[PDB]
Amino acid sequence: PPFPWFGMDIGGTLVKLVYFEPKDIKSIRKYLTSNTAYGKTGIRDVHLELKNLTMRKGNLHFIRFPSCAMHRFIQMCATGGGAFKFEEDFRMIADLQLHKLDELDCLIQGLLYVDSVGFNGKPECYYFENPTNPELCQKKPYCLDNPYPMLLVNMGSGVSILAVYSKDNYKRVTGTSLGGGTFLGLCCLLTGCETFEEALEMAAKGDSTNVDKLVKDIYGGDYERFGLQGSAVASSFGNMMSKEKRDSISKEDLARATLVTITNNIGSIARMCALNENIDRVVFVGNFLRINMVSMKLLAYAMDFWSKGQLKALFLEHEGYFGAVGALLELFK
């Protein structure tokens, strides 16, 4: 294949671009390498850069920028919903030759490829120890050298759970309609916020125990008969039919309760799927995790809760760029 090897994930909002810079052999090459920011909008996440990679030896770069500056980009292999929309501009202005690729297959291929090459000597996978304890919480590396088989929980507006047995064998096991879209949708209705970033920032600061009814609220403490700790949620939003309780809540509390309800639910479903499929590595991905680490930490707590500590929620360092990586890999085909 011929040089400038790119891969693109054009979403209706954010655009992800990955570029493999050949080491030790063209004005475009200098522009990318000599700049950390592009067009006063684009950003190049240097910390995600993969060095000494062999595809020839080179480095893999990760760049991102709003789908708005896509017109500027044109003036200066792809997947994503925004691929179609701009297919026109890609031809009218510059040269099209745009090969549309499936979002899911690109995600899987990219995810598996990055995990296989590692993160510059370190694992691509990680988890959280003591997720809900601000003072003890810690992101920890987890070597996932053989990801087969694994369960992939892809959280977008809704949630799809896939069982991955090989590069080309992944099937949807199940899913849930209570996902990121449910979180934002409810947050908009309950707090008047408008964006994901706003809702997540709110959730990170709130206290859901003001809106949710806890087990200890019913039994004064743990309910040993059911092996339920007093801190467990008995009923999500279960205190909200009481005017007195509503008088003590804040919008942040509502956002938090919404997020907690969704993450705890996903954890329960993912854990039962792991049990039924006999798989013990559950990896979580999706835009539902890209703005605030609060979501991952809550998913970490949920997986540990429902599994009784047997299963950890696993995450990937390059989440968000897998579709783009998958697109790039198609060039070699």
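Start at 1 and count along the sequence shown; that's the residue number.
Coordinates are absent for 10 or more residues of the deposited sequence placed between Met76 and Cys77.
Of the two stretches examined, 88 to 96 and 187 to 195, the record assigns the greater average C-alpha temperature factor to 88 to 96.
Stretches 237 to 245 and 78 to 86 differ in mean C-alpha B factor, with the higher average recorded for 78 to 86. For the set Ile218, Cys137, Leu151, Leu178, the maximum C-alpha B-factor listed in the entry falls on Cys137. Comparing the C-alpha B-factors of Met296, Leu48, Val283, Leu53 in the entry, the top value falls on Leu53. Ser268 sits in the lowest third of its chain by CA B factor, as recorded in the PDB entry. Sort the modelled residues of the chain by CA B factor and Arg72 lands in the highest third. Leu289: CA B factor lies in the middle third for its chain, per the PDB record. When the modelled residues of the chain are ordered by their C-alpha B factor, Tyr301 lands in the lowest third. Placement of the Cα temperature factor of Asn210 within the chain: middle third of the modelled residues, per the deposited record.
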